[PDB]
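K.L.:
The following block contains the structure, expressed as structure tokens.
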Amino acid sequence: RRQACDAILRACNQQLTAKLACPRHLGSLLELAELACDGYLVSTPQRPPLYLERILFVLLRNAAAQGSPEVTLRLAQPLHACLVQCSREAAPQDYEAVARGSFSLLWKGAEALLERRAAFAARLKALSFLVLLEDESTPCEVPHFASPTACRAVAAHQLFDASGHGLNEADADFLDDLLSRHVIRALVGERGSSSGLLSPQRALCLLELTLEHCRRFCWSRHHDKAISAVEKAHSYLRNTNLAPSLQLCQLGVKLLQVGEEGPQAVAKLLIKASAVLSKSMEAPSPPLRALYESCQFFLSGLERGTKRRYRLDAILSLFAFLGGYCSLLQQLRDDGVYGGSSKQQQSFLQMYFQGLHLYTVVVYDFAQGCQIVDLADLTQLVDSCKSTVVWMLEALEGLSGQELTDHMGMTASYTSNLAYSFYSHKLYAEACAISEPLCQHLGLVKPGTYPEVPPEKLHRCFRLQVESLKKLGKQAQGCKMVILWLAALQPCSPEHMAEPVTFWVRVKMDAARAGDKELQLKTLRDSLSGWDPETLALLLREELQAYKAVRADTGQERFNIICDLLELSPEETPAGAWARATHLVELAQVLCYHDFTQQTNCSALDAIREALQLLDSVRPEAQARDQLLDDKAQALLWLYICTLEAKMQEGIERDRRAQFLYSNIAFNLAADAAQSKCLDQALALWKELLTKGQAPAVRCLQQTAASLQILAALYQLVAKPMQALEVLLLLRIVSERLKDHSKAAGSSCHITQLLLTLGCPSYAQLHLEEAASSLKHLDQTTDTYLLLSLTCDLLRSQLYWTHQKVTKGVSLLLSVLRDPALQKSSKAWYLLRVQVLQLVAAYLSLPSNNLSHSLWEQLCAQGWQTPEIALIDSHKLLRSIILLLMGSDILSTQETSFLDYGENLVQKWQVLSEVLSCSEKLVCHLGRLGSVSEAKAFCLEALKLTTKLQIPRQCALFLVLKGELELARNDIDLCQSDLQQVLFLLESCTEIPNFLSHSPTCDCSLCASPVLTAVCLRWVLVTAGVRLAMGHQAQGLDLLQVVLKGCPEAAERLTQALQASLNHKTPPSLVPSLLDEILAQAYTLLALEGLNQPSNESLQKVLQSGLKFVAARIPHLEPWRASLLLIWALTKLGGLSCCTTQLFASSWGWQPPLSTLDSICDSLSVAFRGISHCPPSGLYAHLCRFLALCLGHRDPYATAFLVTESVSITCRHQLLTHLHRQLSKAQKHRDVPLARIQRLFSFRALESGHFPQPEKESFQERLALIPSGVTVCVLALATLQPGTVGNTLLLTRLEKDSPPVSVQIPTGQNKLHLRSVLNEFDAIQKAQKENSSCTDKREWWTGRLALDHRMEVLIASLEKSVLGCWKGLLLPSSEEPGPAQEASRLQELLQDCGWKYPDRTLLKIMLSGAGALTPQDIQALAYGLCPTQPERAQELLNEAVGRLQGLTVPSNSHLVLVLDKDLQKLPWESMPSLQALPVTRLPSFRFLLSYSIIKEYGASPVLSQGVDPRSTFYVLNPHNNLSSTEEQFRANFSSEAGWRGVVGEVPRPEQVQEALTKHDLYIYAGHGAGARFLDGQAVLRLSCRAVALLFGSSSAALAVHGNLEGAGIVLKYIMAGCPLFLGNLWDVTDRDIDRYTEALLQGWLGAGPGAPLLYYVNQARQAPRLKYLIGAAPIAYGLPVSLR
Amino acid sequence: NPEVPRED
Ligand SMILES: [Zn+2]
């Protein structure tokens, strides 16, 4: 029955197997077969031999062949029940083929159907049969879950939503319905058999399924359903061996469900969590895999919950669970079932590290969020942190390969992040403990075992420890850890070794600063003993580099390192020879700047020479050619440095012993070129290295850059600027290759400055933009940024100055000046300030038209008023830097170490170069201004400095400058000697001079160097000046033509050189302008000779050629333009001799008894505006007096102002400089009177306007400042040819509340002119000097008598043949109202007779002296004033004087005589009209105003109160040369009440200082003016309170040299504030001047209180036997003084 | 009798 049906079913199975064109029919037969199977099932559902099952399996196979999973599912629908009722055992592989194979068929069916929901549900029932008989199944692997049955459930979830973001509620119910009813129900069983609990294999499957369902649900945002699912398992959780597993899973499911809540929540679950794991492991046979898989889920709850929601207690609670989890994983490792196949064993280790990865992350989280009060919590985590690292290192034991490499990689990270946290919150002690076990294992391990762990990970793990030890105070342990750091990286490249080496020097340097010497004693060699020699040598080289990087004193440390290195290197081997040569170069540096020859028996030069020989004996391979180039270049550079140091030291001792101008021959030898050859060779090697495209193969490129900087500074010092330019370009290349933008910006700034100094602004502009570009990659908080930005601003300001953009340039300069960063106390800032001061001077040398008034006030308000002041401050700052860097030995030879630390080396040569350049600028500017003495002082100082350094080029430059100064002083012999020294220096530097007659395109030393070319042209200029001064015309003119040719030719050579050097395509737009001041001076001198020779037509076109040249270059050559305009005006005036009427006549109302002039005034006004701001003395005086002559009485105020401003200009400049010095010390010690005097003597204190309106307003204010009762008369000589003496006298009478009165007196028209008077005075002095030597008494006395008579005749001539009628201009004005009324009446009547310019004031002045107006004076006045009808004017004048005679009396008053350089010599005070009047002399009118200011503020005590007779200091017979003077004066001087002083001894300079500063009277009855004990500088440094009664020879005289204003000691006394100065105008004899002194002292002192000194001065003038030869000598300088 | 000058 059933068997027959089964046989029919087997045939039906074959029939149903066919899926041909009748598959639907087969399906219909299959449906009938299913009913037939049901009929068979009624008899027997499944054969006891499972034949029905085999038939069903065949039917399932037939369905598989026919692709009918649905039919098979219906066919095998009751198989589970049949299998359940089957019981028994021995289910075969076919059982799987029908049950597990059904799932396999479903898997292919799942691969067939596109949909999943229905297919997954079918697979779930298929999964209920896939592993149904798994009670004895083999365990699954351990990348997966516990059992294969649960593994199938996870596999279905894989086909489900893979993203696992969220689970729909309906989907959750639907997904649960599948597994719960099909898979879960099958495993659980309706007949659960509670007596028999789940089998061991069955139990493992049950828990694994629950975890996978919970994991998928919770991950895909679904927790509520899993809560009920866990309870279902918990419902059956009476007791089990896997019980802990679901309790821990319950906690995990809890955690995600709780989510983010109160803090304790996380801890409370974690507290219970530790209990479950700990007690389970205590069990004798714990469910290892059950605990494992379950723990991984709990970890996920935390990892997904890692949202910074952590506290202190959470972390310790985590460590409890973490520790137990670690035991479980290592315990699973003990078990050897997975020990064989490490594949699963490796997975266990990854799980261990994931467990620890969680701990490290949680701690970093806690660390970042920590406050000061929280640091206590951070400390409690230390011991837990320590244990974590130990476990990790213990876990690695046995791993080899990438497993070793990777898993060491984590342990490095994990400790590093942990240590970083403690380092971050200021916990150094704890950080070291955490990294200690790792640090020691990494060092001790046999080098090479760990060859792949990233260097950075190891560097980071080690660095934290070295830094922590360093800052705690453990410098000793740090050095050992550094050795351990190097030990771990033993098989590593030298590049990684740099950081350990840097930390080594820092730790040792800090140790040394702490006072420890034992640490210093230890050197790397001893501690690293055991390493290979080559690696030890490399590390020692790196340590030497790190020592060279650090500042402060490191000489002996480097010496010890070099000694060790030299010992290591084997000399017998060529590679050892190379290493020895390098170490010898280092030793050469050390011995070059230290004294250790007591320990080496070798000098720096010997070491460097042996290094050079060894280097020359090295034949390199294919590579290493680059390193050899670098080494040889460095050796050559340091040979040069050491030779220069030895030369400087020898020069120091040369001066010390001597303590010149004879060493100039010693300077220039073959040794000079032999020495410079080293620098040339170094440059060649570095260019060869750093020009090729490939990046150089040098060990240290930073040293190459530093050496390039040192080479560039030395080249600028030796005055070779093009070579320095090349070196700076190479430095730019290196900085670009080194990615250092600070170096690039500094190098480009240096190139811009060099190009600006040469005079090429375009190439300069291009380099400024490269610098600006490089500056945009730097931290704007760095001082380097600030310095470079300020420098770029200065360079842009200078470029604006050059390209005539003065307004914006001034704004930029003011922005730089007002920046607070410029005043930072660093050496580089000091060097910046110097260039600031030089650019300030550059702006201050500009005419007022270029800038507004407001910006002029803003620029002057900074502190510097004249260019010379700024230049002097720059020089002073440079000297201060030299003192701060290299002591004072190079500057003075009356102990601080150089302290070379890299920057100091470059700065040293830089500062020397800048001192020399600033000296050149100062000398040129001061010599141009006419201040030759100060310029000579600076020139001698610079010459001494270059003598010590032995640089022939700078010596030649300063010797040419000195020759120019001596030509200015009219000292031809000394100038010629200086020029000959220049000639020898030039001729031996290149190996009628020979540098002339050179080709325009020449490559010699004197033609390839702009500095030498300039020196040659200046030499030619000074030689031409000498030739013209000696009368050799047409030779000096030839030399000036040579200069004119040479300058433009040399400019083109410099243009071509600059273009070829910088490799620009187009040439510089405009030729450089550096020889333009030379060409302009040549133009001036040639035009002045054209004035001397009006016939030479050649010179006539030169004035137009020069004017177009200077007009093309406004406003840079303005002084020469002013000179050329003055020459043009003189050419237009006509004949400068013959004393004709002259065009000026019409402008003057008195003659001795558009228009050309309009044009001359315009040209002169332009030139005056050109030089008004900073005038040269002689040129200014020429312009002022010529313009006064032209203006005449057309403008009285302009004429008076012009006459006033032409006297004592050099004294004005010197007073401005002195006042700045006073204000500078005032600022230093801590001023209103000082400020007002600066504003009175200033040249820029003007308003804006047209000439002469602001000048006249300033003059009117200064006239309003005049005191009452003082008459100022300016006697100046109008010169109509520069370098001559004029015969026209300009007389200006200045008084309070009276309009200025001027007059022109031509004296050439009459015999006894002003030149004759001066010539006679000089002849008288010469004859006196000749007569002084004679021994015959009678001849001596007779000659003296003749000289006295000549003096009397000269004095009479002064009054009668020079001043004539205008003598009354010097006499006081009458207070009686008669002359005013008479002048008022006569003015109109005189205007009707032809008085062109009626002045009532002049009439008043002349009518005041009516009594002394001789009839001849009246005739001259009337005939010269009214030339149309002279006789009527004479009648009117005679009537007026008749009405005024007798009825007028002169009054109390004072005459101040302002005289020019030529007229100051003459004794004007002894003229018969001026014998009864109080007369003194002042340098200028501004000095009278200054005296008024000082008196108002109470600074001159004697001009305010009087002279105390008991406050006198006398210096009598100091040198014991005069015995008569002592005998006459000793008793009188010593018996005087209160007088102190000296006799027979040179008073110590300290005694005369106190005499001038603390007393009221100072009498010097000795030789000269006392300049031997008290010079001008000493009196200038003090304020003179006392009246200087100097009775020596020529004490009050001023020495006129060449065309320079007179100089003398009296000027220094006046500038110091002397109330009155009495001195001798010429030389005197002892006894006669003794009588004069006795008479003066007796008369003044015996007079008593209130005795005017001047009255007794003129009364004492009648005492000597020689009345005029001795009495007329004394004169007075200052203001009148009385006894109190 | 000649008098010495008051100079150096
Ligand atoms: Zn040449």
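Here's how to read the names in the structure tokens: chain A, B, ... by the order shown, residue numbers from 1 in each chain, ligand numbers from 1 in the order shown.
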Among region 349-494 of chain A, which ones does DSSP assign to alpha helix (DSSP H) (computed from the backbone)? Answer as a ChimeraX atom specification.

P.N.:
/A:349-368,375-380,382-396,402-424,428-444,455-472,475-488

K.L.:
With the cut-off set at 7 Å and counting only C-alpha atoms and all ligand atoms, tabulate each residue of chain A with an atom at most that distance from an atom of ligand 1, showing the nearest atom pair and its distance in Å to one decimal, ordered by chain and increasing number, as JSON lines.

P.N.:
{"residue": "A:995", "atom": "CA", "partner": "ligand 1", "partner_atom_place_in_ligand_line": "1 (Zn)", "distance": 6.4}
{"residue": "A:998", "atom": "CA", "partner": "ligand 1", "partner_atom_place_in_ligand_line": "1 (Zn)", "distance": 5.3}
{"residue": "A:999", "atom": "CA", "partner": "ligand 1", "partner_atom_place_in_ligand_line": "1 (Zn)", "distance": 6.7}
{"residue": "A:1002", "atom": "CA", "partner": "ligand 1", "partner_atom_place_in_ligand_line": "1 (Zn)", "distance": 4.6}
{"residue": "A:1003", "atom": "CA", "partner": "ligand 1", "partner_atom_place_in_ligand_line": "1 (Zn)", "distance": 5.7}
{"residue": "A:1004", "atom": "CA", "partner": "ligand 1", "partner_atom_place_in_ligand_line": "1 (Zn)", "distance": 4.2}
{"residue": "A:1005", "atom": "CA", "partner": "ligand 1", "partner_atom_place_in_ligand_line": "1 (Zn)", "distance": 6.5}
{"residue": "A:1006", "atom": "CA", "partner": "ligand 1", "partner_atom_place_in_ligand_line": "1 (Zn)", "distance": 5.3}
{"residue": "A:1007", "atom": "CA", "partner": "ligand 1", "partner_atom_place_in_ligand_line": "1 (Zn)", "distance": 4.2}

K.L.:
Write a file of the just-selected residues containing N, CA and C atoms, as a compact mmCIF listing (two decimals), in the first residue's frame.

P.N.:
# COMPACT_ATOMS: atom_id res chain seq x y z
N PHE A 995 96.59 105.17 -13.89
CA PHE A 995 95.19 104.79 -14.05
C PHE A 995 94.47 105.68 -15.04
N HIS A 998 93.36 104.92 -19.63
CA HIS A 998 92.80 103.58 -19.68
C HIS A 998 91.66 103.54 -20.68
N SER A 999 91.44 102.37 -21.26
CA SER A 999 90.37 102.22 -22.23
C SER A 999 89.02 102.41 -21.54
N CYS A 1002 87.46 98.67 -19.77
CA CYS A 1002 88.64 98.06 -19.18
C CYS A 1002 88.21 97.18 -18.01
N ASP A 1003 88.97 96.11 -17.79
CA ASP A 1003 88.62 95.11 -16.79
C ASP A 1003 89.61 95.06 -15.63
N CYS A 1004 90.45 96.08 -15.49
CA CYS A 1004 91.44 96.06 -14.42
C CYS A 1004 90.77 96.32 -13.07
N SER A 1005 91.58 96.26 -12.01
CA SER A 1005 91.05 96.42 -10.66
C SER A 1005 90.45 97.80 -10.45
N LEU A 1006 91.09 98.83 -11.01
CA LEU A 1006 90.63 100.20 -10.83
C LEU A 1006 89.50 100.56 -11.78
N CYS A 1007 89.15 99.68 -12.72
CA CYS A 1007 88.07 99.96 -13.65
C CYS A 1007 86.91 99.00 -13.45

K.L.:
Excluding residue 307 (chain A) and any residue of its chain fewer than 2 positions from it, enumerate the residues within 12 Å of it, using only C-alpha atoms, and give them as a count of residues only.

P.N.:
15

K.L.:
What are the residues of chain A lining chain B at 7 Å or less? Count only C-alpha atoms, and put the answer as an mmCIF file with N, CA and C atoms, in the first residue's frame.

P.N.:
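What landed in selection_3.cif:
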data_model
loop_
_atom_site.group_PDB
_atom_site.id
_atom_site.type_symbol
_atom_site.label_atom_id
_atom_site.label_comp_id
_atom_site.auth_asym_id
_atom_site.auth_seq_id
_atom_site.Cartn_x
_atom_site.Cartn_y
_atom_site.Cartn_z
ATOM 1 N N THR A 1335 118.153 140.791 18.198
ATOM 2 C CA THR A 1335 118.827 140.879 19.486
ATOM 3 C C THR A 1335 119.371 142.265 19.805
ATOM 4 N N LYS A 1337 119.278 145.855 20.780
ATOM 5 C CA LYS A 1337 118.211 146.568 21.478
ATOM 6 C C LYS A 1337 117.747 147.796 20.701
ATOM 7 N N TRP A 1340 115.720 146.889 17.635
ATOM 8 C CA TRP A 1340 114.446 146.350 18.098
ATOM 9 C C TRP A 1340 113.478 147.469 18.464
ATOM 10 N N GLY A 1566 99.649 134.513 30.677
ATOM 11 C CA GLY A 1566 100.609 133.543 30.180
ATOM 12 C C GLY A 1566 100.741 133.593 28.677
ATOM 13 N N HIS A 1567 101.155 132.468 28.099
ATOM 14 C CA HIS A 1567 101.423 132.368 26.673
ATOM 15 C C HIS A 1567 100.185 131.895 25.924
ATOM 16 N N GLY A 1568 99.834 132.621 24.867
ATOM 17 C CA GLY A 1568 98.682 132.261 24.065
ATOM 18 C C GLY A 1568 97.384 132.382 24.844
ATOM 19 N N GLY A 1592 96.952 136.772 26.738
ATOM 20 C CA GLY A 1592 97.993 136.193 25.919
ATOM 21 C C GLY A 1592 98.033 136.814 24.537
ATOM 22 N N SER A 1593 98.841 136.212 23.674
ATOM 23 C CA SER A 1593 98.994 136.693 22.310
ATOM 24 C C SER A 1593 97.968 136.038 21.397
ATOM 25 N N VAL A 1628 101.697 140.248 21.165
ATOM 26 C CA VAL A 1628 102.144 141.324 22.034
ATOM 27 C C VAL A 1628 103.470 140.935 22.677
ATOM 28 N N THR A 1629 104.118 141.928 23.276
ATOM 29 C CA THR A 1629 105.350 141.756 24.032
ATOM 30 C C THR A 1629 105.051 141.789 25.527
ATOM 31 N N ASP A 1630 105.958 141.199 26.307
ATOM 32 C CA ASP A 1630 105.639 140.867 27.692
ATOM 33 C C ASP A 1630 105.436 142.114 28.555
ATOM 34 N N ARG A 1631 106.392 143.049 28.542
ATOM 35 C CA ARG A 1631 106.352 144.138 29.521
ATOM 36 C C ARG A 1631 105.256 145.155 29.207
#

K.L.:
Quick one: residues within 6 Å of region 661-676 of chain A, only C-alpha atoms counted, chain neighbours fewer than 2 positions away excluded, as an MDAnalysis selection string?

P.N.:
chainID A and resid 678:679 950 952
